Amino acid sequence: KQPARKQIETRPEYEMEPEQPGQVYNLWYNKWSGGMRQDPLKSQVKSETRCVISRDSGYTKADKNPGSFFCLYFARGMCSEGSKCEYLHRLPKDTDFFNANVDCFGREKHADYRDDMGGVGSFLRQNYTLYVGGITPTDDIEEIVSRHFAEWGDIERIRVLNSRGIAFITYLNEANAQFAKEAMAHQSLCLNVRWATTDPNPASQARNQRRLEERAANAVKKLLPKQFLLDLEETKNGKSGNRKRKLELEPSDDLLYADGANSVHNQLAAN
Amino acid sequence: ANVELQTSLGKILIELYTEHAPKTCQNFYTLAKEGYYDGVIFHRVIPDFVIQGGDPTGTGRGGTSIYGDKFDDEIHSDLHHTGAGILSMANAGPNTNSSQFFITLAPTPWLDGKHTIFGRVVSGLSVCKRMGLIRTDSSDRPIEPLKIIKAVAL
Amino acid sequence: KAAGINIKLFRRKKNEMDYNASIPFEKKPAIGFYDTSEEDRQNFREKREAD
Amino acid sequence: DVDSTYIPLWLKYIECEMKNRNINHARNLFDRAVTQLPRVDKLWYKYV
Amino acid sequence: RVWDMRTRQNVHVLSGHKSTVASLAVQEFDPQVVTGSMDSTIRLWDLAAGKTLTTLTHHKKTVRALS
Amino acid sequence: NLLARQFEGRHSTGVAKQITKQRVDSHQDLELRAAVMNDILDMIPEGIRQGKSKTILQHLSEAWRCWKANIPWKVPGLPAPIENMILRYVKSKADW
Amino acid sequence: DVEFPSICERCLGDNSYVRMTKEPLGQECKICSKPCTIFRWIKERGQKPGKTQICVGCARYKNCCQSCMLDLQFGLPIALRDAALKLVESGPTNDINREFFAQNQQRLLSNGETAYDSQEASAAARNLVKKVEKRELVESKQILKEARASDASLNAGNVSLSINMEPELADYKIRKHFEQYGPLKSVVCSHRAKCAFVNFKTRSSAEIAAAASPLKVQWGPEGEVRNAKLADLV
Amino acid sequence: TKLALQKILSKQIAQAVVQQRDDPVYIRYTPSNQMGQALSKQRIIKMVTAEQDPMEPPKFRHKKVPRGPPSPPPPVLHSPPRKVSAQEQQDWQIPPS
Amino acid sequence: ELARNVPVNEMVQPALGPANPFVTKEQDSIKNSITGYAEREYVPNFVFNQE
Amino acid sequence: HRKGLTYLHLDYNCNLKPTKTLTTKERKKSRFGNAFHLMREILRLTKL
Ligand SMILES: [Zn+2]
Ligand SMILES: [Zn+2]
Ligand SMILES: [Zn+2]
């Protein structure tokens with residue numbers, strides 16, 4: 001409840017030449033080319049900076065705007081403008097929905113969902129769990145990852161592989177999930193954080209898809225007509241035949257549980 | 001009072017309720033006698049609600065009775081839409097009945113108001129049940145023309 | 001897989017139609033006078049279950 | 001689509017529909033076949 | 001193929017046959033282009049839209065002459 | 001054109017290729033083979049097991065080689081219409 | 001006449017008068033991968049301009065908003081909609097098949113027949129909420145002591161457990177349960193193991209939480225599930 | 001036919017000169033009860049065609065797509081097939097080369 | 001593009017039907033695009049800008 | 001660049017010289033056309 005503070009006083013400048021003899025900068029694709037491809041998963045250099053909400057979050061100029069996005073750099077912890085910044089420096093909360101196209105972290109979501117599951121999810125599929133990989137020190141991997149992940153958001157499921165350093169924390173919301181993905185990359189618990197793949201478990205897929213229907217039901221029940229909503233519980237918490245006579249006085253679901261002009265309910269009152 | 005309707009899907013037979021509503025049935029009877037219902041499209045077909053038709057224009061509007069523009073509807077208590085096949089009239093106001101009519105496909109108890117009931121389909125109900133499955137575009141209108149080849153009254 | 005597996009997944013080439021995500025060209029039989037209706041949906045259980 | 005005049009392919013399709021108990025599909029297929037090739041009697045004979 | 005004389009442009013590509021178009025005929029009234037091919041099928045074309053109107057399959061072998 | 005090919009691709013499909021004095025013979029061969037297939041498909045009556053084009057083309061090629069080498073090329077079982085058509089096309093090729 | 005793009009009024013701003021630009025063929029549809037025109041407008045002062053993300057062939061096959069990717073009838077993400085409602089079969093996820101399906105589907109949709117009617121959608125929604133509410137409502141003895149004593153020695157028809165005071169359901173439910181029993185440090189759980197172990201700042205808070213005792217417990221993967229099968233014979 | 005072919009020809013010919021056509025277009029727009037809510041007031045929206053950079057190369061690649069299925073074939077309508085007999089079947093039997 | 005100029009009093013233009021009740025609120029509205037009805041209007045710039 | 005030919009050096013006098021020995025693949029890929037070379041030489045004259 002205090003103004004947000006700047007993390008990095010300096011600006012990290014770009015000057016670096018890999019493989020001193022055999023690399024040359026490429027002007028079109030702004031990256032060094034030539035030389036040994038080198039392990040695809042070797043460049044990963046542990047991140048230097050790290051952030052926590054407690055000592056860093058606070059007010060910023062973006063809190064005023066209702067549709068403002070979070071700092072791409074607060075989560076990774078090099079937002080060097082502090083409260084002057086144009087993005088929120090606080091943590092996503094439960095009701096921080098954004099549009100489907102836009103990434104909840106301020107970026108944009110493509111459709112191909114990549115191949116190495118690297119940067120940003122796809123709007124075509126709705127997943128809240130992300131692969132985190134890296135160190136496999138001892139059996140206390142479960143507790144260390146729980147400690148290092150719960151402070152980024154609300155958690156629904158954690159599954160950690162004992163044999164190898166693989167964990168699959170599942171978040172409740174897209175906002176917290178993607179914030180954690182961008183906040184736990186190249187950090188110390190370097191972590192190889194990626195997006196999760198479709199479950200091959202016939203049992204896990206069923207419960208995930210059931211979760212999808214319950215999220216849909218929570219979304220839609222605010223839109224269905226009031227009569228349908230109330231009758232849903234009147235049938236389950238009261239007798240049924242006592243009102244069919246009133247219905248028989250004036251009997252299908254689509255005919256009766258329907259809105260729009262010239263419907264029976266509008267016609268019944270106007271008679 | 002009895003009228004056959006030679007429709008594309010099949011054969012439709014209607015017995016008129018002359019004893020209940022005489023004025024609104026004589027026009028239909030003599031109208032089949034004149035028989036300009038030839039080549040008239042059932043412009044409106046709604047799954048489980050109605051099959052409306054009877055306008056020479058075919059645009060869902062028009063239709064001239066023997067009186068010429070409209071007339072008065074007569075309704076009394078014992079008439080109900082309790083079944084699927086009651087042959088009733090189409091109107092657009094208090095007393096605005098025209099030459100066009102419709103056939104009921106499901107109990108419409110709410111509709112026993114401003115609509116005149118003057119028929120029951122004794123034979124050919126299967127034809128109406130099939131008409132309920134006709135390809136229909138976005139509006140309540142069949143894509144192919146569901147013309148009435150002939151309407152012979154007997 | 002016999003003793004302890006990493007669940008080795010097969011390696012597709014980056015240039016494939018994949019021939020498994022959907023029908024390669026997805027052409028449906030033309031609809032005729034008689035309704036299929038149940039003949040397929042009556043046994044969607046079987047569309048997956050014979051498989 | 002490649003060639004609709006090949007009678008063996010028509011018969012093969014019909015026969016594979018009889019294998020899997022799809023009788024309504026097969027009868028629609030006969031209707032299409034006989035309305036496409038009215039002057040070949042193999043299709044008519046199989047239909048009757 | 002339909003070519004504008006002046007600009008050498010292929011405005012229409014009347015592609016409906018399955019084999020070589022062995023015959024041709026053009027007139028001013030619709031049908032404007034009539035093509036008979038190896039398929040034994042004669043196609044009557046709508047030159048304004050570049051789409052076929054009527055297909056004539058009475059022939060058994062390739063139709064080599066239109067007049 | 002260079003920038004378009006850089007930012008667009010070859011667009012190689014759907015382009016024609018003129019005959020340039022090196023493809024003349026190999027294209028004349030295609031046209032003659034297509035013409036002979038057409039004539040074969042025509043002179044054979046209905047329901048006479050049309051699967052005979054390749055063998056007749058082989059016969060035509062052998063007739064051409066025999067003419068080039070001045071050999072009679074007289075075949076026992078060949079039907080008269082096929083033999084006549086082959087002679088006709090061989091004479092065309094020889095005059096060319 | 002290539003007049004207007006289908007955009008919902010939630011992301012068209014709360015101003016009845018907006019100004020927007022169009023550049024033909026300026027982008028490729030993110031589903032069709034077909035050329036499409038962009039429409040850029042300002043939702044409200046103090047916000048980066050929005051823009052359409054998909055062609056008009058899409059947002060017609062999907063009944064969606066070209067900008068915010070929300071369906072125009074239920075206002076919920078299109079992915080969640082097609083996953084839950086399952087109204088009509090979707091397209092593939094690979095490039096060539098999806099573009100072929102989209103192009104031919106756009107053709108047959110322009111042929112005149114609408115691929116989306118809302119009657120079936122409302123019916124499917126009511127069915128979905130109905131299904132959700134309905135969803136709301138000697139060999140055992142040897143698999144009992146096979147390793148229950150063993151692990152205890154290493155590092156520690158009916159059976160009745162014991163209660164000591166020595167000093168489907170997600171984990172956040174556990175988190176918002178133990179806040180009155182003290183501050184939380186970490187809660188490590190597993191659905192298959194059915195065991196949730198919690199940590200507090202002080203042992204006194206944990207012990208007073210344990211004192212609340214008179215479904216609850218007080219103090220490969222299969223190795224941790226041996227005692228979890230006891231729930232059927234607890 | 002002249003108008004149709006001329007339209008197609010002009011479209012073909014149009015495919016180097018800098019395009020100069022900028023003029024606002026106003027659209028009266030009517031919202032329709034999307035997510036319930038309370039519909040919305042009628043809106044008028046100003047269209048302005050954003051002019052393109054004369055230096056822009058082609059914006060994106062063009063890729064080939066296999067040709068779509070054709071229209072269903074028409075009925076054949078042949079004269080009844082004739083009988084050839086085994087003698088004429090054999091008289092067109094060609095020897096191998 | 002109505003072609004016959006006609007006196008006003010017959011401009012009520014009734015649909016003359018039993019008012020199909022199966023339709024929901026989405027299709028009650030007439031539209032070209034998926035979202036709504038849009039049509040041209042020749043507004044001069046200054047009035048649009050000031051309002 | 002944008003062609004991957006980052007081993008070719010276009011020095012400031014507009015001479016296209018490889019920075020290393022090229023294999024057959026690289027030599028075939030790094031072959032430019034008459035338009036690029038003509039533009040390069042016109043640029044060289046302008047720079048002179
Ligand atoms: Zn910031
Ligand atoms: Zn929107
Ligand atoms: Zn699209």
# chains A, B, ... in the order shown; residues from 1 in each chain; ligands from 1
$ residues_around --residues "segment 32-47 of chain C" --least-positions-apart "6" --cutoff "7 Å" --atoms "only C-alpha atoms" --output "ChimeraX atom specification"
/D:22,24-25,28
$ residues_around --residues "residue 15 of chain A" --least-positions-apart "6" --cutoff "12 Å" --atoms "only C-alpha atoms" --output "MDAnalysis selection string"
chainID A and resid 25 31:32
$ residues_near_ligand --ligand "ligand 1" --cutoff "6 Å" --atoms "only C-alpha atoms and all ligand atoms" --output "PyMOL selection string"
chain A and resi 71+74+79+82+85-89
$ write_last_selection --atoms "N, CA and C atoms" --output "short mmCIF file (atom, residue, chain, number, x, y, z; two decimals), in the first residue's frame"
data_model
loop_
_atom_site.label_atom_id
_atom_site.label_comp_id
_atom_site.auth_asym_id
_atom_site.auth_seq_id
_atom_site.Cartn_x
_atom_site.Cartn_y
_atom_site.Cartn_z
N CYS A 71 3.85 -5.17 -15.91
CA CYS A 71 5.19 -4.94 -16.44
C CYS A 71 5.83 -6.25 -16.86
N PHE A 74 8.79 -6.18 -14.42
CA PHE A 74 8.61 -6.36 -12.99
C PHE A 74 8.74 -7.83 -12.61
N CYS A 79 12.54 -3.74 -13.94
CA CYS A 79 11.80 -2.53 -14.28
C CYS A 79 12.53 -1.37 -13.61
N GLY A 82 10.40 2.35 -11.85
CA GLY A 82 9.64 2.44 -10.62
C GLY A 82 8.19 2.83 -10.81
N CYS A 85 6.44 4.01 -14.09
CA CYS A 85 6.19 3.11 -15.20
C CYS A 85 4.74 3.13 -15.66
N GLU A 86 4.54 2.65 -16.88
CA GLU A 86 3.26 2.65 -17.56
C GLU A 86 2.54 1.32 -17.43
N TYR A 87 3.07 0.40 -16.62
CA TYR A 87 2.46 -0.89 -16.41
C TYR A 87 2.41 -1.17 -14.92
N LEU A 88 1.47 -2.03 -14.52
CA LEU A 88 1.29 -2.34 -13.11
C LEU A 88 2.49 -3.10 -12.56
N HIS A 89 2.95 -2.70 -11.39
CA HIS A 89 4.06 -3.36 -10.70
C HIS A 89 3.57 -4.28 -9.59
#
$ residues_near_ligand --ligand "ligand 3" --cutoff "12 Å" --atoms "only C-alpha atoms and all ligand atoms" --output "PyMOL selection string"
(chain A and resi 111) or (chain G and resi 27-37+52-64+66+91+98-107)
$ write_last_selection --atoms "N, CA, C and O atoms" --output "tab-separated table (two decimals), in the first residue's frame"
chain	number	residue	atom	x	y	z
A	111	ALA	N	-1.27	-18.66	-32.57
A	111	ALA	CA	-2.15	-19.80	-32.70
A	111	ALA	C	-1.42	-21.14	-32.75
A	111	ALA	O	-2.03	-22.16	-32.44
G	27	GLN	N	-2.46	-7.78	-43.57
G	27	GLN	CA	-2.15	-8.81	-42.59
G	27	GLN	C	-2.67	-10.14	-43.10
G	27	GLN	O	-3.51	-10.21	-43.99
G	28	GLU	N	-2.16	-11.21	-42.49
G	28	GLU	CA	-2.63	-12.56	-42.73
G	28	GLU	C	-3.46	-13.01	-41.54
G	28	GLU	O	-3.09	-12.78	-40.38
G	29	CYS	N	-4.60	-13.63	-41.83
G	29	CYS	CA	-5.47	-14.12	-40.78
G	29	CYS	C	-4.71	-15.12	-39.92
G	29	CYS	O	-3.91	-15.91	-40.42
G	30	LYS	N	-4.95	-15.07	-38.62
G	30	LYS	CA	-4.21	-15.92	-37.70
G	30	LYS	C	-4.82	-17.30	-37.61
G	30	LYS	O	-4.32	-18.14	-36.85
G	31	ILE	N	-5.90	-17.55	-38.34
G	31	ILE	CA	-6.43	-18.88	-38.57
G	31	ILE	C	-6.36	-19.25	-40.04
G	31	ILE	O	-5.80	-20.29	-40.41
G	32	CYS	N	-6.91	-18.40	-40.91
G	32	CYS	CA	-6.92	-18.71	-42.34
G	32	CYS	C	-5.52	-18.68	-42.94
G	32	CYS	O	-5.24	-19.45	-43.86
G	33	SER	N	-4.64	-17.81	-42.43
G	33	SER	CA	-3.37	-17.51	-43.08
G	33	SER	C	-3.60	-17.02	-44.50
G	33	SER	O	-2.84	-17.31	-45.42
G	34	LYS	N	-4.68	-16.28	-44.68
G	34	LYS	CA	-5.19	-15.63	-45.87
G	34	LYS	C	-5.02	-14.12	-45.74
G	34	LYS	O	-5.04	-13.59	-44.63
G	35	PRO	N	-4.81	-13.41	-46.85
G	35	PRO	CA	-4.73	-11.95	-46.76
G	35	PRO	C	-6.01	-11.36	-46.19
G	35	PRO	O	-7.11	-11.80	-46.51
G	36	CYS	N	-5.86	-10.35	-45.33
G	36	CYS	CA	-7.01	-9.73	-44.70
G	36	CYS	C	-6.66	-8.30	-44.34
G	36	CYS	O	-5.49	-7.96	-44.15
G	37	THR	N	-7.69	-7.47	-44.22
G	37	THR	CA	-7.50	-6.06	-43.93
G	37	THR	C	-7.56	-5.83	-42.43
G	37	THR	O	-8.30	-6.51	-41.71
G	52	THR	N	-8.09	-5.56	-35.48
G	52	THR	CA	-8.61	-6.88	-35.77
G	52	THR	C	-7.47	-7.86	-35.93
G	52	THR	O	-6.39	-7.52	-36.40
G	53	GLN	N	-7.72	-9.11	-35.53
G	53	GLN	CA	-6.70	-10.13	-35.58
G	53	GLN	C	-7.00	-11.25	-36.57
G	53	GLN	O	-6.10	-12.04	-36.87
G	54	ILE	N	-8.23	-11.35	-37.08
G	54	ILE	CA	-8.63	-12.43	-37.96
G	54	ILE	C	-9.46	-11.88	-39.11
G	54	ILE	O	-10.00	-10.77	-39.04
G	55	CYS	N	-9.57	-12.66	-40.17
G	55	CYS	CA	-10.30	-12.22	-41.35
G	55	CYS	C	-11.79	-12.24	-41.06
G	55	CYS	O	-12.25	-12.56	-39.96
G	56	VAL	N	-12.58	-11.87	-42.07
G	56	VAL	CA	-14.03	-11.93	-41.94
G	56	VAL	C	-14.56	-13.32	-42.24
G	56	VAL	O	-15.67	-13.66	-41.81
G	57	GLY	N	-13.80	-14.16	-42.96
G	57	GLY	CA	-14.17	-15.56	-43.08
G	57	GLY	C	-14.21	-16.24	-41.73
G	57	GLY	O	-15.14	-17.00	-41.43
G	58	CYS	N	-13.21	-15.98	-40.90
G	58	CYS	CA	-13.30	-16.32	-39.49
G	58	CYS	C	-14.15	-15.25	-38.81
G	58	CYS	O	-14.51	-14.24	-39.43
G	59	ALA	N	-14.51	-15.48	-37.56
G	59	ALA	CA	-15.47	-14.66	-36.83
G	59	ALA	C	-16.85	-14.77	-37.47
G	59	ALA	O	-17.79	-14.11	-37.02
G	60	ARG	N	-16.99	-15.59	-38.50
G	60	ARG	CA	-18.24	-15.99	-39.12
G	60	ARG	C	-18.43	-17.48	-38.96
G	60	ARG	O	-19.50	-17.93	-38.52
G	61	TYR	N	-17.41	-18.26	-39.29
G	61	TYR	CA	-17.37	-19.66	-38.91
G	61	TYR	C	-17.26	-19.87	-37.41
G	61	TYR	O	-17.65	-20.93	-36.93
G	62	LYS	N	-16.76	-18.89	-36.67
G	62	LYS	CA	-16.64	-19.07	-35.24
G	62	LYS	C	-17.61	-18.21	-34.45
G	62	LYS	O	-17.73	-18.40	-33.24
G	63	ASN	N	-18.39	-17.36	-35.12
G	63	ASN	CA	-19.28	-16.39	-34.41
G	63	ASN	C	-18.47	-15.79	-33.28
G	63	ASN	O	-18.79	-16.05	-32.12
G	64	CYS	N	-17.49	-14.96	-33.63
G	64	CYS	CA	-16.58	-14.39	-32.65
G	64	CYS	C	-16.29	-12.94	-33.01
G	64	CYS	O	-16.70	-12.45	-34.06
G	66	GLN	N	-13.62	-10.08	-33.96
G	66	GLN	CA	-12.34	-10.08	-34.64
G	66	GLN	C	-11.22	-9.55	-33.77
G	66	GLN	O	-10.06	-9.87	-34.02
G	91	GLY	N	-11.86	-27.37	-36.44
G	91	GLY	CA	-10.86	-27.70	-37.42
G	91	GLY	C	-9.62	-28.28	-36.78
G	91	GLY	O	-9.49	-28.32	-35.55
G	98	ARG	N	-5.79	-27.21	-41.75
G	98	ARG	CA	-6.64	-26.14	-41.23
G	98	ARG	C	-6.92	-25.09	-42.29
G	98	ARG	O	-8.05	-24.59	-42.38
G	99	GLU	N	-5.93	-24.73	-43.10
G	99	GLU	CA	-6.20	-23.72	-44.13
G	99	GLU	C	-7.12	-24.27	-45.21
G	99	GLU	O	-8.01	-23.55	-45.69
G	100	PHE	N	-6.96	-25.54	-45.59
G	100	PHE	CA	-7.87	-26.13	-46.57
G	100	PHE	C	-9.30	-26.19	-46.03
G	100	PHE	O	-10.26	-25.83	-46.73
G	101	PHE	N	-9.45	-26.63	-44.78
G	101	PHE	CA	-10.77	-26.68	-44.17
G	101	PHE	C	-11.37	-25.29	-44.09
G	101	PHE	O	-12.54	-25.09	-44.44
G	102	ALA	N	-10.58	-24.30	-43.67
G	102	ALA	CA	-11.10	-22.94	-43.54
G	102	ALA	C	-11.54	-22.39	-44.89
G	102	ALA	O	-12.61	-21.78	-44.99
G	103	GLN	N	-10.74	-22.59	-45.94
G	103	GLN	CA	-11.10	-22.06	-47.25
G	103	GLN	C	-12.36	-22.72	-47.80
G	103	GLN	O	-13.30	-22.03	-48.23
G	104	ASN	N	-12.42	-24.05	-47.80
G	104	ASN	CA	-13.60	-24.71	-48.33
G	104	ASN	C	-14.82	-24.44	-47.46
G	104	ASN	O	-15.94	-24.34	-47.98
G	105	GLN	N	-14.63	-24.31	-46.15
G	105	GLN	CA	-15.72	-24.01	-45.24
G	105	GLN	C	-16.24	-22.60	-45.47
G	105	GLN	O	-17.45	-22.37	-45.44
G	106	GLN	N	-15.34	-21.64	-45.72
G	106	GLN	CA	-15.77	-20.29	-46.08
G	106	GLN	C	-16.56	-20.32	-47.38
G	106	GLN	O	-17.57	-19.62	-47.52
G	107	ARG	N	-16.13	-21.14	-48.34
G	107	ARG	CA	-16.86	-21.26	-49.60
G	107	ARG	C	-18.28	-21.78	-49.36
G	107	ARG	O	-19.26	-21.18	-49.81
$ residues_near_ligand --ligand "ligand 2" --cutoff "7 Å" --atoms "only C-alpha atoms and all ligand atoms" --output "ChimeraX atom specification"
/G:7-12,65-70
$ write_last_selection --atoms "N, CA, C and O atoms" --output "compact mmCIF listing (two decimals), in the first residue's frame"
# COMPACT_ATOMS: atom_id res chain seq x y z
N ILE G 7 -17.11 -6.51 -34.84
CA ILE G 7 -16.41 -6.24 -33.59
C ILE G 7 -17.43 -6.00 -32.49
O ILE G 7 -18.41 -5.28 -32.70
N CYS G 8 -17.21 -6.61 -31.33
CA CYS G 8 -18.17 -6.45 -30.24
C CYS G 8 -18.01 -5.08 -29.61
O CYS G 8 -16.93 -4.49 -29.60
N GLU G 9 -19.11 -4.59 -29.06
CA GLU G 9 -19.19 -3.25 -28.50
C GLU G 9 -18.49 -3.14 -27.16
O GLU G 9 -18.31 -2.02 -26.67
N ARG G 10 -18.14 -4.26 -26.53
CA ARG G 10 -17.33 -4.18 -25.33
C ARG G 10 -15.94 -3.65 -25.65
O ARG G 10 -15.39 -2.85 -24.89
N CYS G 11 -15.37 -4.06 -26.78
CA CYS G 11 -14.07 -3.58 -27.22
C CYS G 11 -14.17 -2.55 -28.34
O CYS G 11 -13.16 -2.22 -28.95
N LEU G 12 -15.37 -2.07 -28.64
CA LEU G 12 -15.55 -0.95 -29.55
C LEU G 12 -15.67 0.35 -28.78
O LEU G 12 -15.95 1.39 -29.39
N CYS G 65 -15.59 -12.26 -32.11
CA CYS G 65 -15.20 -10.87 -32.30
C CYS G 65 -13.80 -10.82 -32.86
O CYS G 65 -12.88 -11.43 -32.30
N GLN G 66 -13.62 -10.08 -33.96
CA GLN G 66 -12.34 -10.08 -34.64
C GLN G 66 -11.22 -9.55 -33.77
O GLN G 66 -10.06 -9.87 -34.02
N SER G 67 -11.54 -8.76 -32.75
CA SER G 67 -10.49 -8.17 -31.93
C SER G 67 -10.20 -9.00 -30.68
O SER G 67 -9.10 -9.54 -30.53
N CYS G 68 -11.18 -9.15 -29.79
CA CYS G 68 -10.94 -9.74 -28.48
C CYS G 68 -11.16 -11.24 -28.42
O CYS G 68 -11.05 -11.81 -27.34
N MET G 69 -11.47 -11.88 -29.54
CA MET G 69 -11.54 -13.34 -29.62
C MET G 69 -12.57 -13.93 -28.66
O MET G 69 -12.37 -15.02 -28.13
N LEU G 70 -13.67 -13.23 -28.42
CA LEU G 70 -14.75 -13.74 -27.58
C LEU G 70 -15.98 -13.97 -28.45
O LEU G 70 -16.28 -13.16 -29.33
$ residues_around --residues "residue 10 of chain A" --least-positions-apart "3" --cutoff "12 Å" --atoms "only C-alpha atoms" --output "PyMOL selection string"
chain A and resi 6-7+13+78-81
$ residues_around --residues "residue 69 of chain B" --least-positions-apart "4" --cutoff "7 Å" --atoms "only C-alpha atoms" --output "list in words"
residues 64, 65 and 98 of chain B
$ write_last_selection --atoms "N, CA, C and O atoms" --output "JSON list (two decimals), in the first residue's frame"
[["chain", "number", "residue", "atom", "x", "y", "z"],
["B", 64, "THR", "N", -55.87, -12.32, -50.52],
["B", 64, "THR", "CA", -57.16, -11.66, -50.55],
["B", 64, "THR", "C", -58.25, -12.69, -50.29],
["B", 64, "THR", "O", -58.27, -13.75, -50.92],
["B", 65, "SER", "N", -59.13, -12.38, -49.35],
["B", 65, "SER", "CA", -60.28, -13.23, -49.10],
["B", 65, "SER", "C", -61.38, -12.90, -50.11],
["B", 65, "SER", "O", -61.21, -12.05, -50.99],
["B", 98, "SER", "N", -56.71, -12.96, -43.58],
["B", 98, "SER", "CA", -56.52, -12.90, -45.02],
["B", 98, "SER", "C", -56.71, -14.30, -45.60],
["B", 98, "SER", "O", -57.17, -15.21, -44.91]]
